[PDB]
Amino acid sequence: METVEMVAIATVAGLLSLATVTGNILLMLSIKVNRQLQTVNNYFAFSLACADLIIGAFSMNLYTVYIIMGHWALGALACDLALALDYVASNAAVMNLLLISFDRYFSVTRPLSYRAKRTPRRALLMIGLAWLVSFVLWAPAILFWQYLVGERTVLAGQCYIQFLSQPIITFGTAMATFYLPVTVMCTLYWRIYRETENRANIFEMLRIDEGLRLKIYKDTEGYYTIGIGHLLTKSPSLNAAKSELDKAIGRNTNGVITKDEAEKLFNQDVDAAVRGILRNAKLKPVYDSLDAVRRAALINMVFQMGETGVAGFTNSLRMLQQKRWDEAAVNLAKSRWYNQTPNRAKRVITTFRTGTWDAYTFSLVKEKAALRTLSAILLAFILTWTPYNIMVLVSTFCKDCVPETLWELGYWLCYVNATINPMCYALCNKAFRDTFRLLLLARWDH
């Protein structure tokens, strides 16, 4: 390698390492200095930043030395230890991406039962297990394969994993670390998006029909309430109501909350209502037989008159289960319910009749920062890791079709995931972008 080629590689790779270490330290410090970013799902983001910092500071720089020098010059022990660290960190990054996906999946699908289990303590446990599993999977095999086989067949000046002899063995690891995790995370995201779409529609339906209050008010029974009919306490005190509200949210609200915080309390109420319906012998067979649009209409009815109230419409419920919607509409309209709230009742009835959102003009699904960041980090993983994993796939069909130069570029592209991952958080999350800019401007002055 000529002197001009050595300088050019050192500059580009050096600047790449600097951008990787800076971005991941900015991600870690943002969570540390800003309390609003100290959420359970950001514990996994911090854990991912740690794996990416190892890639940026260690893997990128030791690989730059290996490229420039044209061989491994640090010995056999340093080779096995550097490979163990590189593969353990890369595998830990994938496991944190799986931890982000699964956490967001259970918090959107089950916001009541899972949120009782979703604590920093359990997050710290899952983070530690993801790091330990990654260590036990790679490090023993990398260090001790030579002793099992009886010879170290990796030549002096070379540095690669000996247990990955046949490309089919490498393909197995590619299936385990990329192909299967990607399929799982894409399936998870699909269910998350679908659940969010359905839950937002119920939120908008009840916002029109019941009403949304961002400040503490009193219900018909005189009890302190907030959002869309969310009971805070039955105690005749405002301080007791503020205490229950601060406990459920996680900040000093002082009686005033946001639409997003009200949507979070609403989704917990939806799960409690759906839990009731499935436990109710009169409401369970009709709910299971109904589509997502007509299910929301039933929940709306439950929110207004309760479980026993809706269950009292024996003939209407049976006709809805029989898919006789025009006939069910007749019985539901000839009730005390229709006489008390005719506008809300006719909108609910039309929904049962058509199975569409024609009674309300509904907006498209507003994708929150959480959902947006999830697809960004998942698309970033696929983008950067695809070239190397396709090269492994090519190798199984034809032995030496992939040249050494291409493996090197595939490895570099793979490392780029560590660089663009903090950029995804900055692009999708406003709170991250502002903290990043705050930390950088403070470092410049002074």
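The numbering used is simple: start at 1 and walk along the sequence shown.
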Quick one: say whether 52-60 or 35-43 has the higher mean Cα B-factor in the deposited entry.
35-43
Per the PDB entry, mean CA B-factor is higher for 332-340 or 353-361, namely for 353-361
For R191, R104, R372, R324, the deposited C-alpha B-factor is largest at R324
Highest Cα B-factor in the deposition, which of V21, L438, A13, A426?
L438
Split into thirds by Cα B-factor across the chain's modelled residues, where does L393 land: lowest, middle or highest?
lowest
For the chain shown, is the CA B-factor of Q304 in the lowest, middle or highest third of its modelled residues?
middle
Classify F144 as lowest, middle or highest third according to the C-alpha B-factor given in the PDB entry, relative to its own chain.
lowest
In terms of the chain's CA B-factor thirds, is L85 lowest, middle or highest?
lowest
Where does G157 sit by CA temperature factor within its chain: lowest, middle or highest third?
middle
